[PDB]
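Student: Please find one structure pasted underneath; my questions will follow.
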Amino acid sequence: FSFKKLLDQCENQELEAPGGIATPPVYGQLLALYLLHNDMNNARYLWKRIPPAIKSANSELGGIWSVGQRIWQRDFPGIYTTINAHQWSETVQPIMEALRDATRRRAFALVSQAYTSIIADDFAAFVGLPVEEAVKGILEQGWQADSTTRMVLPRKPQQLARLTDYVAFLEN
Amino acid sequence: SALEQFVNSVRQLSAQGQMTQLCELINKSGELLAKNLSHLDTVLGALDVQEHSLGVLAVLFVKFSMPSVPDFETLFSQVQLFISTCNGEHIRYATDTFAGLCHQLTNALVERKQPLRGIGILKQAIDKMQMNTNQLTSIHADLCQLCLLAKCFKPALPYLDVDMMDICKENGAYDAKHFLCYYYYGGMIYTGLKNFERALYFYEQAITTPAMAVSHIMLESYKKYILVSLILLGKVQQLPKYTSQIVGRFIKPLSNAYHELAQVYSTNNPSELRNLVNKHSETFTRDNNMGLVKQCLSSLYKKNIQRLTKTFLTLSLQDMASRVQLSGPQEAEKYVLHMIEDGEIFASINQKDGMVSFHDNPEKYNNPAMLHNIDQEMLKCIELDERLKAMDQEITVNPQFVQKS
């Protein structure tokens with residue numbers, strides 16, 4: 001919803017630039033928005049597009065690019081660490097929480113689909129949370145098996161108009 | 001006398017609007033009377049630019065005949081004039097000379113220092129200058145070049161997704177090169193967005209252009225076609241037999257390293273591919289291909305893993321690492337997890353025994369989703385048939401043949 005509107009706004013800002021060189025906060029917001037939609041190619045090309053002076057102007061761009069570099073390697077614990085290691089400006093704050101929620105949902109879906117039996121430590125690393133918290137949560141949800149062996153088992157439990165158009169076209 | 005000549009004459013052509021004389025002067029200027037620099041437009045044209053700014057577009061041409069124009073913001077002002085005071089339907093007056101004007105303006109300074117400045121200008125110009133959304137024009141190549149050189153890939157997407165049919169004549173100013181560039185540079189765009197199918201299609205279209213003369217664009221398109229076919233599929237796709245015979249006589253012998261790379265890829269030995277890449281590294285670096293052959297080397301492992309799934313049903317991680325030569329069970333598990341996430345493979349991992357199972361039952365063809373897919377295919381086919389019938393019925397008007405037969 002709001003993410004698409006922000007994407008349209010920033011695309012409009014970039015498309016027509018009377019000054020030509022946009023503000024570093026604008027480019028940082030664009031990089032963060034590209035990172036949120038897990039579209040790595042566009043984010044990388046936008047990062048390359050940036051003139052070096054605006055890169056060196058602020059360290060927020062460097063932090064966002066570090067986040068992007070970590071997420072490009074598919075290192076989920078690194079993503080979780082780097083999403084909270086540093087601080088950033090106000091305009092990007094309401095998007096990093098959404099990014100963390102999206103990456104948590106993605107990790108949960110990947111664990112559910114790509115694994116039948118997973119070590120609890122691996123699950124905790126994937127979600128970036130203490131083992132006991134995750135265990136309790138997934139006990140309440142119900143997609144988990146048992147303790148001791150340390151093996152949580154993630155399971156996943158106008159036709160008339162179209163037809164008349166087809167036959168009308170076919171009859172010639 | 002030239003100044004008041006322009007004044008009253010331009011009054012006639014625009015206000016009185018006789019198409020005969022406006023085209024008369026336009027063609028009289030052309031490329032012959034437009035020489036000898038501007039028509040004293042340094043001082044006389046200073047008054048004339050503010051006159052009407054609609055008959056002066058051809059004039060801008062001569063005002064870009066002089067290289068390294070001292071002021072560049074004047075072109076910005078006049079392009080914002082044509083975009084802002086755009087009536088929408090009288091743009092058909094500037095149909096032939098407009099493409100040349102944009103090519104001249106972008107080919108001089110825009111491609112050198114600021115390749116991002118004219119990204120939106122050409123996009124605005126295309127819709128209001130060319131007739132129908134299915135019409136390939138020369139300014140497409142210029143805009144694709146601008147997008148490629150500025151590392152901007154998103155704005156040019158709607159201009160490449162639509163299949164482009166019919167080419168505007170441009171009064172003979174549309175050289176073949178402008179065609180070959182459009183299907184080449186745009187191809188690079190589709191290799192930057194990880195859309196290998198459309199990139200391969202664009203490269204195939206660029207290769208099959210009938211032309212009995214060697215061009216570097218054709219060579220590069222052939223090389224990138226080979227690389228993309230090796231990445232997407234396990235073999236080089238066979239080019240259609242209607243292509244020009246020059247490709248099989250001069251293009252192939254010069255592009256020899258890519259053919260042996262394809263042979264090594266097809267022999268299915270991931271160890272030898274790295275050695276072959278190392279041996280011919282200088283050729284790939286010279287042709288600016290460091291970033292495509294490495295993708296092929298990486299995708300060889302995925303191809304081997306998929307071929308493993310074609311035979312096995314439940315395999316140990318160590319066994320998979322030994323067969324695919326991934327040198328490690330953890331690395332094999334990571335590769336399988338990445339491929340499962342990407343959707344290229346259907347598998348599950350059981351970490352109790354370090355095993356990987358294959359459940360290849362994705363679709364059963366019993367859901368409305370496949371009905372929707374068949375509906376979309378039907379709609380596309382019907383639209384294609386209607387377009388073909390319309391073109392065929394348009395063709396039959398010409399009296400060229402069918403006299404006694």
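Each chain in the structure tokens gets a letter, A, B and so on, in the order shown; residues start at 1 in every chain, and ligands are counted from 1 in the order they appear.
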Mind checking which residues fall within 12 Å of residue B:290, counting only C-alpha atoms, ignoring those fewer than 3 positions away in the same chain, and posting them as an mmCIF file with N, CA, C and O atoms, in the first residue's frame?

Tutor:
data_model
loop_
_atom_site.group_PDB
_atom_site.id
_atom_site.type_symbol
_atom_site.label_atom_id
_atom_site.label_comp_id
_atom_site.auth_asym_id
_atom_site.auth_seq_id
_atom_site.Cartn_x
_atom_site.Cartn_y
_atom_site.Cartn_z
ATOM 1 N N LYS B 224 27.015 -12.575 -27.269
ATOM 2 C CA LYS B 224 26.097 -12.519 -26.138
ATOM 3 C C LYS B 224 24.950 -13.509 -26.297
ATOM 4 O O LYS B 224 24.454 -14.039 -25.300
ATOM 5 N N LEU B 227 26.387 -16.771 -25.109
ATOM 6 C CA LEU B 227 26.506 -16.792 -23.652
ATOM 7 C C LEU B 227 25.145 -16.948 -22.977
ATOM 8 O O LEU B 227 24.998 -17.729 -22.027
ATOM 9 N N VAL B 277 38.135 -21.189 -18.797
ATOM 10 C CA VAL B 277 37.911 -19.767 -18.551
ATOM 11 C C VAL B 277 39.221 -19.082 -18.186
ATOM 12 O O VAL B 277 39.515 -17.976 -18.657
ATOM 13 N N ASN B 278 40.028 -19.729 -17.342
ATOM 14 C CA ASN B 278 41.319 -19.159 -16.969
ATOM 15 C C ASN B 278 42.239 -19.029 -18.177
ATOM 16 O O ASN B 278 42.984 -18.048 -18.296
ATOM 17 N N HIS B 280 41.519 -18.535 -21.413
ATOM 18 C CA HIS B 280 41.097 -17.493 -22.346
ATOM 19 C C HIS B 280 40.512 -16.286 -21.621
ATOM 20 O O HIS B 280 39.548 -15.672 -22.082
ATOM 21 N N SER B 281 41.092 -15.932 -20.473
ATOM 22 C CA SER B 281 40.574 -14.809 -19.696
ATOM 23 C C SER B 281 40.763 -13.486 -20.428
ATOM 24 O O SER B 281 39.912 -12.593 -20.336
ATOM 25 N N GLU B 282 41.876 -13.337 -21.152
ATOM 26 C CA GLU B 282 42.169 -12.065 -21.806
ATOM 27 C C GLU B 282 41.150 -11.748 -22.896
ATOM 28 O O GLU B 282 40.773 -10.585 -23.077
ATOM 29 N N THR B 283 40.687 -12.766 -23.627
ATOM 30 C CA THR B 283 39.686 -12.531 -24.663
ATOM 31 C C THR B 283 38.370 -12.056 -24.060
ATOM 32 O O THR B 283 37.753 -11.112 -24.567
ATOM 33 N N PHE B 284 37.934 -12.689 -22.970
ATOM 34 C CA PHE B 284 36.684 -12.290 -22.332
ATOM 35 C C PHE B 284 36.793 -10.902 -21.713
ATOM 36 O O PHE B 284 35.844 -10.112 -21.781
ATOM 37 N N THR B 285 37.937 -10.585 -21.102
ATOM 38 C CA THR B 285 38.107 -9.255 -20.524
ATOM 39 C C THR B 285 38.191 -8.181 -21.603
ATOM 40 O O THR B 285 37.730 -7.054 -21.388
ATOM 41 N N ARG B 286 38.778 -8.506 -22.758
ATOM 42 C CA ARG B 286 38.853 -7.541 -23.850
ATOM 43 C C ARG B 286 37.467 -7.200 -24.386
ATOM 44 O O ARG B 286 37.191 -6.040 -24.714
ATOM 45 N N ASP B 287 36.586 -8.192 -24.479
ATOM 46 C CA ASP B 287 35.251 -8.008 -25.027
ATOM 47 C C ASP B 287 34.230 -7.597 -23.974
ATOM 48 O O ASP B 287 33.037 -7.522 -24.286
ATOM 49 N N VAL B 293 30.243 -15.164 -18.394
ATOM 50 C CA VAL B 293 30.802 -16.511 -18.400
ATOM 51 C C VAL B 293 30.850 -17.083 -16.988
ATOM 52 O O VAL B 293 30.648 -18.289 -16.789
ATOM 53 N N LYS B 294 31.112 -16.238 -15.987
ATOM 54 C CA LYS B 294 31.093 -16.699 -14.601
ATOM 55 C C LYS B 294 29.702 -17.175 -14.204
ATOM 56 O O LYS B 294 29.559 -18.148 -13.452
ATOM 57 N N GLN B 295 28.663 -16.500 -14.700
ATOM 58 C CA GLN B 295 27.301 -16.964 -14.462
ATOM 59 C C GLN B 295 27.073 -18.334 -15.085
ATOM 60 O O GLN B 295 26.385 -19.179 -14.504
ATOM 61 N N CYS B 296 27.640 -18.571 -16.270
ATOM 62 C CA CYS B 296 27.548 -19.892 -16.886
ATOM 63 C C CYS B 296 28.243 -20.949 -16.037
ATOM 64 O O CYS B 296 27.719 -22.057 -15.850
ATOM 65 N N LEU B 297 29.428 -20.624 -15.516
ATOM 66 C CA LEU B 297 30.142 -21.561 -14.656
ATOM 67 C C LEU B 297 29.335 -21.878 -13.406
ATOM 68 O O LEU B 297 29.285 -23.032 -12.962
#

Student: Need the shell around residue A:62: protein/DNA/RNA residues with any atom at most 12 Å away, counting only C-alpha atoms. Skip same-chain ones fewer than 2 positions apart. Format as an MDAnalysis selection string?

Tutor: chainID A and resid 24:25 27:28 31:32 47 50 52 54:60 64:69 82 86:88

Student: Keeping only N, CA and C atoms, write the selected residues to a file as a PDB file, in the first residue's frame.

Tutor:
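Listing of selection.pdb after writing:
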ATOM      1  N   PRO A  24      21.109  13.524  -0.917  1.00  0.00           N
ATOM      2  CA  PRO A  24      21.499  12.201  -0.403  1.00  0.00           C
ATOM      3  C   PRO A  24      20.367  11.492   0.328  1.00  0.00           C
ATOM      4  N   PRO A  25      19.526  12.192   1.110  1.00  0.00           N
ATOM      5  CA  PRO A  25      18.379  11.486   1.709  1.00  0.00           C
ATOM      6  C   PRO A  25      17.453  10.854   0.685  1.00  0.00           C
ATOM      7  N   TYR A  27      18.286   9.620  -2.297  1.00  0.00           N
ATOM      8  CA  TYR A  27      18.917   8.418  -2.829  1.00  0.00           C
ATOM      9  C   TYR A  27      18.940   7.306  -1.790  1.00  0.00           C
ATOM     10  N   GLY A  28      19.165   7.658  -0.522  1.00  0.00           N
ATOM     11  CA  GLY A  28      19.109   6.658   0.532  1.00  0.00           C
ATOM     12  C   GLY A  28      17.730   6.043   0.674  1.00  0.00           C
ATOM     13  N   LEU A  31      17.338   3.632  -2.209  1.00  0.00           N
ATOM     14  CA  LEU A  31      18.067   2.390  -1.977  1.00  0.00           C
ATOM     15  C   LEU A  31      17.342   1.509  -0.966  1.00  0.00           C
ATOM     16  N   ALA A  32      16.831   2.107   0.112  1.00  0.00           N
ATOM     17  CA  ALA A  32      16.098   1.330   1.107  1.00  0.00           C
ATOM     18  C   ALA A  32      14.819   0.741   0.522  1.00  0.00           C
ATOM     19  N   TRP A  47      22.647   1.619  -6.688  1.00  0.00           N
ATOM     20  CA  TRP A  47      23.843   1.893  -5.899  1.00  0.00           C
ATOM     21  C   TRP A  47      25.014   2.265  -6.799  1.00  0.00           C
ATOM     22  N   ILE A  50      25.061   5.926  -8.298  1.00  0.00           N
ATOM     23  CA  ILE A  50      25.214   7.073  -7.399  1.00  0.00           C
ATOM     24  C   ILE A  50      26.595   7.700  -7.583  1.00  0.00           C
ATOM     25  N   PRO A  52      30.077   9.414  -6.586  1.00  0.00           N
ATOM     26  CA  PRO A  52      30.829   9.161  -5.343  1.00  0.00           C
ATOM     27  C   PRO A  52      30.695  10.251  -4.292  1.00  0.00           C
ATOM     28  N   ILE A  54      28.079  12.069  -3.378  1.00  0.00           N
ATOM     29  CA  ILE A  54      26.895  11.843  -2.555  1.00  0.00           C
ATOM     30  C   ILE A  54      27.055  10.594  -1.697  1.00  0.00           C
ATOM     31  N   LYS A  55      27.798   9.592  -2.180  1.00  0.00           N
ATOM     32  CA  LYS A  55      28.124   8.448  -1.331  1.00  0.00           C
ATOM     33  C   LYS A  55      28.913   8.882  -0.103  1.00  0.00           C
ATOM     34  N   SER A  56      29.931   9.720  -0.299  1.00  0.00           N
ATOM     35  CA  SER A  56      30.771  10.168   0.805  1.00  0.00           C
ATOM     36  C   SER A  56      30.115  11.249   1.654  1.00  0.00           C
ATOM     37  N   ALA A  57      29.007  11.832   1.192  1.00  0.00           N
ATOM     38  CA  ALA A  57      28.352  12.888   1.956  1.00  0.00           C
ATOM     39  C   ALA A  57      27.813  12.363   3.282  1.00  0.00           C
ATOM     40  N   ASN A  58      27.118  11.227   3.251  1.00  0.00           N
ATOM     41  CA  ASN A  58      26.470  10.677   4.432  1.00  0.00           C
ATOM     42  C   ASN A  58      26.812   9.202   4.584  1.00  0.00           C
ATOM     43  N   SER A  59      26.858   8.749   5.838  1.00  0.00           N
ATOM     44  CA  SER A  59      27.112   7.348   6.145  1.00  0.00           C
ATOM     45  C   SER A  59      25.844   6.504   6.160  1.00  0.00           C
ATOM     46  N   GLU A  60      24.667   7.133   6.097  1.00  0.00           N
ATOM     47  CA  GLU A  60      23.424   6.373   6.007  1.00  0.00           C
ATOM     48  C   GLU A  60      23.380   5.553   4.724  1.00  0.00           C
ATOM     49  N   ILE A  64      23.023   1.465   4.492  1.00  0.00           N
ATOM     50  CA  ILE A  64      22.031   0.792   3.658  1.00  0.00           C
ATOM     51  C   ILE A  64      22.714  -0.114   2.640  1.00  0.00           C
ATOM     52  N   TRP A  65      23.845   0.328   2.085  1.00  0.00           N
ATOM     53  CA  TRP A  65      24.567  -0.509   1.133  1.00  0.00           C
ATOM     54  C   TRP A  65      25.181  -1.725   1.813  1.00  0.00           C
ATOM     55  N   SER A  66      25.627  -1.580   3.062  1.00  0.00           N
ATOM     56  CA  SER A  66      26.097  -2.742   3.811  1.00  0.00           C
ATOM     57  C   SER A  66      24.966  -3.737   4.035  1.00  0.00           C
ATOM     58  N   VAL A  67      23.771  -3.232   4.354  1.00  0.00           N
ATOM     59  CA  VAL A  67      22.605  -4.103   4.495  1.00  0.00           C
ATOM     60  C   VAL A  67      22.336  -4.837   3.186  1.00  0.00           C
ATOM     61  N   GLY A  68      22.405  -4.112   2.068  1.00  0.00           N
ATOM     62  CA  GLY A  68      22.184  -4.735   0.772  1.00  0.00           C
ATOM     63  C   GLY A  68      23.232  -5.778   0.429  1.00  0.00           C
ATOM     64  N   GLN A  69      24.495  -5.494   0.747  1.00  0.00           N
ATOM     65  CA  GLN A  69      25.559  -6.461   0.506  1.00  0.00           C
ATOM     66  C   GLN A  69      25.350  -7.719   1.337  1.00  0.00           C
ATOM     67  N   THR A  82      22.869  -6.675  10.882  1.00  0.00           N
ATOM     68  CA  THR A  82      23.124  -5.396  10.231  1.00  0.00           C
ATOM     69  C   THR A  82      21.882  -4.522  10.125  1.00  0.00           C
ATOM     70  N   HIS A  86      23.488  -0.388  13.305  1.00  0.00           N
ATOM     71  CA  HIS A  86      23.752   1.041  13.198  1.00  0.00           C
ATOM     72  C   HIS A  86      22.456   1.833  13.373  1.00  0.00           C
ATOM     73  N   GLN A  87      22.563   3.149  13.201  1.00  0.00           N
ATOM     74  CA  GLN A  87      21.434   4.062  13.246  1.00  0.00           C
ATOM     75  C   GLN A  87      21.346   4.823  11.930  1.00  0.00           C
ATOM     76  N   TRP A  88      20.152   5.332  11.633  1.00  0.00           N
ATOM     77  CA  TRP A  88      19.898   6.000  10.366  1.00  0.00           C
ATOM     78  C   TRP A  88      19.002   7.209  10.603  1.00  0.00           C
TER      79      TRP A  88
END

Student: Can you list, as a short mmCIF file (atom, residue, chain, number, x, y, z; two decimals) with N, CA, C and O atoms, in the first residue's frame, every protein, DNA or RNA residue that comes within 10 Å of stretch 180-191 of chain B when you count only C-alpha atoms, leaving out same-chain residues fewer than 4 positions away?

Tutor:
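As written to disk, out.cif reads:
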data_model
loop_
_atom_site.label_atom_id
_atom_site.label_comp_id
_atom_site.auth_asym_id
_atom_site.auth_seq_id
_atom_site.Cartn_x
_atom_site.Cartn_y
_atom_site.Cartn_z
N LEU B 136 8.72 0.74 -34.74
CA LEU B 136 10.11 0.91 -34.33
C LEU B 136 10.71 2.13 -35.01
O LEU B 136 10.61 2.29 -36.23
N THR B 137 11.34 3.00 -34.22
CA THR B 137 11.92 4.23 -34.71
C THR B 137 13.39 4.30 -34.32
O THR B 137 13.87 3.54 -33.47
N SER B 138 14.12 5.22 -34.96
CA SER B 138 15.55 5.36 -34.70
C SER B 138 15.83 5.85 -33.28
O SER B 138 16.83 5.46 -32.68
N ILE B 139 14.96 6.71 -32.74
CA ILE B 139 15.18 7.27 -31.41
C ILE B 139 15.07 6.21 -30.32
O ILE B 139 15.56 6.42 -29.21
N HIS B 140 14.45 5.07 -30.62
CA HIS B 140 14.50 3.93 -29.70
C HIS B 140 15.93 3.51 -29.41
O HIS B 140 16.29 3.26 -28.25
N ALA B 141 16.76 3.42 -30.45
CA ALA B 141 18.16 3.04 -30.24
C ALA B 141 18.89 4.07 -29.39
O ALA B 141 19.67 3.70 -28.50
N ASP B 142 18.64 5.35 -29.63
CA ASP B 142 19.28 6.40 -28.84
C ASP B 142 18.85 6.33 -27.38
O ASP B 142 19.69 6.47 -26.48
N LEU B 143 17.56 6.11 -27.12
CA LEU B 143 17.09 6.03 -25.75
C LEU B 143 17.64 4.79 -25.05
O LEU B 143 17.99 4.85 -23.86
N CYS B 144 17.72 3.67 -25.76
CA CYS B 144 18.31 2.47 -25.18
C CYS B 144 19.78 2.69 -24.85
O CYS B 144 20.27 2.24 -23.81
N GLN B 145 20.51 3.38 -25.74
CA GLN B 145 21.90 3.71 -25.46
C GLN B 145 22.02 4.60 -24.23
O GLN B 145 22.91 4.40 -23.39
N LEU B 146 21.14 5.60 -24.11
CA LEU B 146 21.17 6.48 -22.95
C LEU B 146 20.89 5.71 -21.66
O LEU B 146 21.56 5.92 -20.64
N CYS B 147 19.90 4.81 -21.69
CA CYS B 147 19.58 4.02 -20.51
C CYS B 147 20.73 3.08 -20.14
O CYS B 147 21.03 2.89 -18.96
N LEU B 148 21.36 2.47 -21.15
CA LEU B 148 22.48 1.57 -20.89
C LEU B 148 23.68 2.32 -20.30
O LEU B 148 24.32 1.83 -19.36
N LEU B 149 23.99 3.49 -20.85
CA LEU B 149 25.17 4.23 -20.39
C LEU B 149 24.95 4.89 -19.04
O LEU B 149 25.92 5.17 -18.33
N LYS B 151 23.11 3.48 -16.59
CA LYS B 151 22.79 2.42 -15.62
C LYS B 151 21.37 2.57 -15.08
O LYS B 151 21.11 2.32 -13.90
N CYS B 152 20.45 3.00 -15.94
CA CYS B 152 19.04 3.12 -15.60
C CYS B 152 18.27 2.12 -16.46
O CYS B 152 18.26 2.23 -17.69
N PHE B 153 17.64 1.14 -15.81
CA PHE B 153 17.00 0.04 -16.52
C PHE B 153 15.49 0.02 -16.39
O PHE B 153 14.82 -0.60 -17.22
N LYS B 154 14.93 0.69 -15.38
CA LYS B 154 13.50 0.66 -15.12
C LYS B 154 12.69 1.53 -16.09
O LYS B 154 11.67 1.06 -16.61
N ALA B 156 13.08 2.32 -19.16
CA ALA B 156 13.01 1.77 -20.51
C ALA B 156 12.25 0.46 -20.59
O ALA B 156 12.07 -0.07 -21.69
N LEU B 157 11.80 -0.09 -19.46
CA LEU B 157 11.09 -1.37 -19.48
C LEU B 157 9.81 -1.33 -20.30
O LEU B 157 9.64 -2.20 -21.18
N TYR B 159 9.09 0.26 -22.78
CA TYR B 159 9.43 0.47 -24.18
C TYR B 159 10.08 -0.76 -24.80
O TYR B 159 10.37 -0.75 -26.00
N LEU B 160 10.30 -1.81 -24.01
CA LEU B 160 10.88 -3.06 -24.49
C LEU B 160 9.96 -4.26 -24.32
O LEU B 160 10.08 -5.21 -25.09
N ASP B 161 9.06 -4.24 -23.33
CA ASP B 161 8.15 -5.35 -23.13
C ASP B 161 7.20 -5.51 -24.31
O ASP B 161 6.90 -6.64 -24.73
N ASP B 175 18.88 4.32 -41.00
CA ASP B 175 19.90 3.39 -41.46
C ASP B 175 19.75 2.05 -40.75
O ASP B 175 19.13 1.94 -39.69
N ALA B 176 20.32 1.01 -41.36
CA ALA B 176 20.24 -0.33 -40.78
C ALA B 176 20.93 -0.40 -39.43
O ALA B 176 20.48 -1.13 -38.54
N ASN B 195 16.36 -11.34 -17.13
CA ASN B 195 15.34 -11.83 -18.05
C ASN B 195 16.07 -12.38 -19.27
O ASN B 195 16.25 -11.70 -20.28
N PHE B 196 16.50 -13.64 -19.17
CA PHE B 196 17.34 -14.23 -20.21
C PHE B 196 16.55 -14.62 -21.45
O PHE B 196 17.11 -14.65 -22.55
N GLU B 197 15.25 -14.92 -21.31
CA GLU B 197 14.45 -15.30 -22.47
C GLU B 197 14.33 -14.15 -23.45
O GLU B 197 14.58 -14.31 -24.66
N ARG B 198 13.94 -12.97 -22.96
CA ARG B 198 13.80 -11.82 -23.84
C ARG B 198 15.15 -11.34 -24.36
O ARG B 198 15.24 -10.86 -25.49
N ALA B 199 16.21 -11.48 -23.56
CA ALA B 199 17.55 -11.15 -24.05
C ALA B 199 17.94 -12.06 -25.21
O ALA B 199 18.48 -11.59 -26.22
N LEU B 200 17.69 -13.36 -25.07
CA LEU B 200 17.98 -14.29 -26.15
C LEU B 200 17.16 -13.98 -27.39
O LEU B 200 17.67 -14.04 -28.51
N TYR B 201 15.88 -13.64 -27.20
CA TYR B 201 15.03 -13.29 -28.34
C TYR B 201 15.54 -12.04 -29.05
O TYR B 201 15.58 -11.98 -30.28
N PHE B 202 15.94 -11.02 -28.28
CA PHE B 202 16.47 -9.80 -28.87
C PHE B 202 17.75 -10.07 -29.63
O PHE B 202 17.95 -9.55 -30.74
N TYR B 203 18.65 -10.88 -29.06
CA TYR B 203 19.89 -11.20 -29.75
C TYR B 203 19.62 -11.99 -31.02
O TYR B 203 20.28 -11.77 -32.05
N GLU B 204 18.66 -12.92 -30.99
CA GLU B 204 18.31 -13.67 -32.19
C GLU B 204 17.75 -12.75 -33.27
O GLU B 204 18.09 -12.89 -34.45
N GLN B 205 16.91 -11.79 -32.88
CA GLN B 205 16.39 -10.84 -33.86
C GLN B 205 17.50 -9.99 -34.44
O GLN B 205 17.51 -9.70 -35.65
N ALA B 206 18.46 -9.56 -33.61
CA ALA B 206 19.58 -8.77 -34.11
C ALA B 206 20.45 -9.57 -35.07
O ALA B 206 20.93 -9.03 -36.08
N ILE B 207 20.67 -10.85 -34.78
CA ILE B 207 21.53 -11.67 -35.62
C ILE B 207 20.90 -11.88 -37.00
O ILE B 207 21.58 -11.79 -38.03
N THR B 208 19.60 -12.15 -37.04
CA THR B 208 18.93 -12.54 -38.27
C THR B 208 18.66 -11.37 -39.21
O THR B 208 17.89 -11.54 -40.17
N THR B 209 19.25 -10.21 -38.98
CA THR B 209 19.06 -9.09 -39.89
C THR B 209 19.78 -9.36 -41.20
O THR B 209 20.97 -9.68 -41.19
N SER B 215 29.75 -6.28 -39.29
CA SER B 215 29.63 -5.19 -38.33
C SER B 215 29.94 -5.71 -36.94
O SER B 215 29.61 -6.85 -36.60
N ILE B 217 28.63 -4.80 -34.18
CA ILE B 217 27.41 -5.00 -33.42
C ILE B 217 26.89 -6.42 -33.60
O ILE B 217 26.46 -7.07 -32.64
N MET B 218 26.92 -6.92 -34.84
CA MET B 218 26.49 -8.29 -35.10
C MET B 218 27.37 -9.30 -34.37
O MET B 218 26.87 -10.28 -33.82
N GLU B 220 29.13 -8.83 -31.58
CA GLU B 220 28.84 -8.77 -30.15
C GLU B 220 27.50 -9.41 -29.83
O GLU B 220 27.36 -10.11 -28.81
N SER B 221 26.49 -9.19 -30.68
CA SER B 221 25.20 -9.82 -30.48
C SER B 221 25.30 -11.34 -30.56
O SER B 221 24.67 -12.05 -29.78
N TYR B 222 26.10 -11.84 -31.50
CA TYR B 222 26.31 -13.29 -31.60
C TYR B 222 26.98 -13.85 -30.35
O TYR B 222 26.56 -14.89 -29.83
N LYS B 224 27.01 -12.57 -27.27
CA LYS B 224 26.10 -12.52 -26.14
C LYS B 224 24.95 -13.51 -26.30
O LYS B 224 24.45 -14.04 -25.30
N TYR B 225 24.53 -13.78 -27.53
CA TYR B 225 23.52 -14.81 -27.77
C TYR B 225 24.04 -16.17 -27.35
O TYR B 225 23.32 -16.94 -26.70
N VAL B 228 24.13 -16.22 -23.46
CA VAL B 228 22.82 -16.28 -22.84
C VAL B 228 22.16 -17.63 -23.08
O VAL B 228 21.47 -18.16 -22.21
N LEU B 292 29.38 -12.64 -17.30
CA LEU B 292 28.47 -13.53 -18.01
C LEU B 292 28.96 -14.96 -18.08
O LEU B 292 28.18 -15.89 -17.86
#

Student: Which chain A residues have any atom within 7 Å of an atom of chain B, and for each, what is the nearest pair of atoms with distance in Å to one decimal, counting only C-alpha atoms, rows sorted by chain and number, as CSV?

Tutor:
residue,atom,partner,partner_atom,distance
A:15,CA,B:120,CA,6.3
A:41,CA,B:193,CA,6.3
A:45,CA,B:151,CA,6.2
A:49,CA,B:151,CA,6.0
A:110,CA,B:341,CA,6.7
A:114,CA,B:348,CA,5.3
A:115,CA,B:349,CA,5.2
A:116,CA,B:350,CA,5.7
A:117,CA,B:350,CA,5.2
A:118,CA,B:351,CA,6.0

Student: Env of residue B:83: 9 Å cut, atoms = only C-alpha atoms, seq-sep filter 3 positions within chain, self excluded. Answer as a PyMOL selection string.

Tutor: chain B and resi 78-80+86+121+124-125

Student: What separation in Å, quoted to one decimal, exists between atom CA of residue B:327 and atom CA of residue B:268?

Tutor: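 Calculated distance between atom CA of residue B:327 and atom CA of residue B:268 is 16.8 Å.
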
Student: Would you compute the distance between atom CA of residue A:22 and atom CA of residue A:35? Give it in Å to one decimal.

Tutor: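 Straight-line distance from atom CA of residue A:22 to atom CA of residue A:35 works out to 19.1 Å.
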
Student: As a ChimeraX atom specification, which residues of chain A does DSSP assign to strand (DSSP E)?

Tutor: /A:115-119,151-152

Student: For atom CA of residue B:169 and atom CA of residue B:110, quote the distance in Å rounded to one decimal.

Tutor: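 Atom CA of residue B:110 lies at a distance of 25.7 Å from atom CA of residue B:169.
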
Student: DSSP on the backbone, helix (DSSP H, G or I) only: what residues of stretch 94-300 of chain B does that give? Format it as a PyMOL selection string.

Tutor: chain B and resi 97-110+119-129+138-149+158-161+170-172+176-192+196-207+216-232+247-254+257-266+270-279+281-286+293-300

Student: Can you list, as a PyMOL selection string, every protein, DNA or RNA residue that comes within 12 Å of residue A:2 when you count only C-alpha atoms, leaving out same-chain residues fewer than 4 positions away?

Tutor: chain A and resi 6-9+33+94-95+98

Student: Would you put the residues from that selection into a file with N, CA, C and O atoms, as a compact mmCIF listing (two decimals), in the first residue's frame?

Tutor:
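Now in selection.txt:
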# COMPACT_ATOMS: atom_id res chain seq x y z
N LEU A 6 5.11 5.26 -2.06
CA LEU A 6 6.44 5.83 -1.88
C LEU A 6 7.34 5.52 -3.06
O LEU A 6 8.14 6.36 -3.48
N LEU A 7 7.23 4.30 -3.61
CA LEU A 7 8.00 3.95 -4.79
C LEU A 7 7.63 4.83 -5.98
O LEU A 7 8.51 5.31 -6.70
N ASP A 8 6.33 5.07 -6.18
CA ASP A 8 5.90 5.96 -7.25
C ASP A 8 6.42 7.38 -7.03
O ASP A 8 6.89 8.03 -7.97
N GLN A 9 6.36 7.86 -5.78
CA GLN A 9 6.83 9.20 -5.47
C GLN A 9 8.32 9.34 -5.77
O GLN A 9 8.74 10.30 -6.44
N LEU A 33 14.10 1.52 -0.29
CA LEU A 33 12.88 1.02 -0.91
C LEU A 33 13.17 -0.12 -1.87
O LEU A 33 12.41 -1.09 -1.95
N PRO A 94 10.68 4.44 9.26
CA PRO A 94 9.44 3.66 9.12
C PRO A 94 9.48 2.60 8.04
O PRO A 94 8.49 1.89 7.86
N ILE A 95 10.59 2.46 7.31
CA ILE A 95 10.71 1.43 6.28
C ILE A 95 11.58 0.26 6.72
O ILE A 95 11.38 -0.86 6.22
N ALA A 98 9.43 -2.36 8.45
CA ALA A 98 8.70 -3.13 7.44
C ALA A 98 9.62 -4.12 6.74
O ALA A 98 9.23 -5.25 6.44
